[PDB]
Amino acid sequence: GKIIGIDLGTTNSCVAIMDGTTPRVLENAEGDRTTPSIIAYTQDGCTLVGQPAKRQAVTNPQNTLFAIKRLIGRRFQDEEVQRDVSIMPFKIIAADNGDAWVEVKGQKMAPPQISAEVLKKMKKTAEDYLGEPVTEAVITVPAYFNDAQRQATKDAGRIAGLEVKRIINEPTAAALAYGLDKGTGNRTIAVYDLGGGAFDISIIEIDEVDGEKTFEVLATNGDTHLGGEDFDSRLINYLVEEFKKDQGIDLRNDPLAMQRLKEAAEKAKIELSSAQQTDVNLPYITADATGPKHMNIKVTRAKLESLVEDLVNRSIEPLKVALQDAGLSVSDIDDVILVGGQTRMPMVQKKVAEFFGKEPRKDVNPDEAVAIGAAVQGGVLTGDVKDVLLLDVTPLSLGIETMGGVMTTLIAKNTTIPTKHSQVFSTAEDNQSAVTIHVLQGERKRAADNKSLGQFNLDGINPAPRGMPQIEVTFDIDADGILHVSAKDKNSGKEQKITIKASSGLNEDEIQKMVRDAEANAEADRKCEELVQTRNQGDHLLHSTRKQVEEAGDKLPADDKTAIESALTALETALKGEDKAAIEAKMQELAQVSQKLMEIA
């Protein structure tokens, strides 16, 4: 059926469909156009996604997962992940291959399985609206996502039962959403995307010649670990330091408080985008060697600005680089476009506006443009959106490690994709049976300072003197921005097998297994839902039967009043537990003993 567009966000997720030529954002079951990217695993075997997960995070801190996009496709020993380990209320662990995973109720889980739960909610949302199955999606990622991050996101799509037709870069999608109606003016635009977790800047040319729109990304830069979460973190730190002075208490040793404080800090932050001052007012934050304590701290807009100004400044540097790479000056920009909730902060808008010397547009929805853009991208693939052309780029240099630990660039950053690069490799020694190619992403001159994609071993090479064999290695980057390395003996043309060691990501076996796990979860969810309906029916029966007992009054035999009241009580207890059969049972017993009472009612 339809190709849905899914903005899979660090904080919030959004799904859009292509309704002919006009894109629509869909409301979820709770009635909302966006869904918090939060996943909770309950004590009773249910998975909660979004607002329901959000509400119970305080009672279930270790099993409520959020900001998973900031772990996906990363290594456990990464500096960013290591910092998050001591901050998150859930447990971050090392997978067998060294990847950053999470542990939930004693089960090791890969970030793609967790993100798949969000993707599933979005899929179902679309299916609820369309009244038919959805099997295909366009999924978004930050422009500055690396190979492992992109492939791990694509794997999340697959685990969610989605065929991922395209992985689209977030600013590119926003550009598609903007270029849909609007100019149209052979324009050159800067897309500034600051979200809950990631920051992207893309310079994009949109020229329309003979009713054929061409969207070309000139340059892209960013930081995949800079976002609203970091803004929140600065305010949280300020609050604990203030509380440590005014009460003498370190409040961080309390996980219930932290979580309510995290929500408090984010709420204050958002409040300060329209107020000049607010209060972080949390009563009963925790009880000490006395009794229930309450934090009440005033925070001005200026205080907040002062706490996050350096984070805002860190987003200005990549603008300079991207302008350099695009070969443009600030005055070459026709339009500045802000995307992401974090751009609603007056200071962000102000700093961006004074950098470009130009006001950002006000007619772009910073929450929905990306989802809408994904949906448009899907439309281009089916054909339902004609005369649109997309030329995106890869954001990072791809190279190999050479003698001395030095980087040799094979494909430079900002190269248009899809792209191919071939190079012939050979042996360095007599009877060499294997040659290793160490592939990396990054701009640094030394291999150790860049992101390793893995050791690509061309094994099983026929005996020969030095430099005999001619193995042509081809490096492909597809439309998704993802690398594919293949090899071939130059001379004959017969392929050459490639083994990847020391790499990150899920293998085919893990993925197949995880697909089945997600199907099983979906089935358990059905069971949790059914038990909720049963509890609902049980409560209706309680009430109905009490009204009837009440109405009969004096006329009811004492024997029957005793028995019915006992069975009502028994049902009430079952209804408080989590066992569907026991509820059905006590309901059935209640109906039997109250059968003559109900009959005359």
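Position 1 is the first residue in the sequence shown; the rest follow in order.
*Tell me which of 363-371 and 165-173 has the higher mean C-alpha B-factor in the deposited entry.*
Looking at the recorded C-alpha B-factors, 363-371 comes out higher on average.
*Once you work out the mean C-alpha B-factor for both 185-193 and 457-465 from the entry, which is higher?*
According to the PDB entry, the answer is 457-465.
*Going by the CA temperature factor in the entry, name the top one among 384, 117, 305, 80.*
The C-alpha B-factor peaks, among 384, 117, 305, 80, at 384.
*Which one of 71, 483, 257, 156 shows the biggest C-alpha B-factor in the PDB entry?*
It is 257.
*Mind checking which third residue 18 falls in for C-alpha B-factor across the chain?*
Tercile = highest for this residue's CA B-factor.
*So where's residue 202 on the chain's Cα temperature factor ranking, which third?*
It falls in the middle third of the chain.
*Sort the modelled residues of this chain by their C-alpha B factor and say whether residue 8 lands in the lowest, middle or highest third.*
Answer is lowest: the recorded C-alpha B-factor places it there.
*Within this chain's modelled residues, let me know which third the CA B factor of residue 129 belongs to: lowest, middle or highest.*
Tercile = middle for this residue's CA B-factor.
*Lowest, middle or highest third: where is residue 228 by C-alpha B factor in its chain?*
Ranked within chain, residue 228 CA B lands in the lowest tercile.
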